[PDB]
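This document opens with one chain alone, in structure tokens, the form deposited in one PDB entry.
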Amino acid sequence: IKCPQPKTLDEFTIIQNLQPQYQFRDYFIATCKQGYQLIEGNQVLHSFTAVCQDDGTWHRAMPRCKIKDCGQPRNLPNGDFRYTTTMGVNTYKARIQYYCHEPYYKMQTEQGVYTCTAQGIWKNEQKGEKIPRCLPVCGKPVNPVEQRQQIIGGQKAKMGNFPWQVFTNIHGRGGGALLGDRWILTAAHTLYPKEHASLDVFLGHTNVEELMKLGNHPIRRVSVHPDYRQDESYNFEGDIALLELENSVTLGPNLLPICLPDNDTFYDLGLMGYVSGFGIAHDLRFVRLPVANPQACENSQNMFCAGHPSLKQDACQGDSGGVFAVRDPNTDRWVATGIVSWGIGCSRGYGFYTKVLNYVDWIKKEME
């Protein structure tokens, strides 16, 4: 007819339905303060109810209330996190901080702070239960072309110089630029040559053999801009394409994306940019040339001319599908202003190029 008016085994247990005395058939309930869960031996309990049996004894043993554990923080692809609290303890109230592998990636928004909630899972000051996202940083080579030089003509390209450079080889050697994590910008005629599929694509290195040793990157999808017409002898309008990599590449010092242009001034006469390509020249080379007066090439409005006559062959460095890159110092970022297009007359000193700014919209649309 009586049970022992019982007590907690710690400061984390709380008694529910507490009475002055406990008669047979009665019951009391146990729970825990925030952050603590009911444990019985080596077992978590959703709840605890003890009924007072006739022999005057509680049908079950008072449980214990222990701290909860949010477990091992999820992994942040291209980043990492550190404990901001005793290291390695994923217990209630612990605090960790995620971060990205800068300078190559940047965290998508101290916002990578997740603490272990009373609910037993890592959460943000309102960034959810979801972890941050580390994004590819575009146009900031970690070994950029020295500006302390203006070396007229072709130069041997060093590693890190054009980290976005893509060596293509589908219907002949071609080029392209890595955009983001998984896109390569290039020319349409590179995939569909005019005058009449195995998309062999390589990246990450200055040397061709080394590039090929690094391995091909499978293309998952191809997008040729709607204008581009190949049956027509010469239009070069819409000569631009996008390739989507089946898998994404890992950024680093020799493999980084280039940025997209957005201001018309990237096509002002006299503005210096760069062009890189192979010639299988065995090694990647580059030329610094200026945006030339359209007549220069005339001799479209979705294109631009670049070169100088005192350059002869050196104005054919770009590989077709390759990118005309500009270093915008008022933001210190490299952008892809042009796409190497029909190279007729590049030995007279000038190159033709598709104006990328005019297709940024379409590109971005394709990339989503």
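The numbering used is simple: start at 1 and walk along the sequence shown. Take the two forms, find the largest set of C-alpha atoms that superpose within 1.5 Å, and that set is the rigid core.
What comes next is about the form deposited in another entry, which is not displayed.
- No residue of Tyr274, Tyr92, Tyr228, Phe266 other than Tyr92 has its CA displaced by 2 Å or more between the shown form and the other one when the core is superposed.
- Fitting the two forms on the rigid core leaves the C-alpha of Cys138 displaced by under 2 angstroms between the shown form and the other one.
- Once both forms are fitted on their rigid core, the CA atom of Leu245 lies less than 2 Å apart between the shown form and the other one.
- The Cα position of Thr206 differs by less than 2 Å between the shown form and the other one after fitting on the rigid core.
- In the other entry, the CA atoms of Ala315 and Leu243 come closer by at least 3 angstroms compared with the shown structure.
- Between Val335 and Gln317, the Cα spacing is larger in the other entry than in the shown form, differing by no less than 3 Å.
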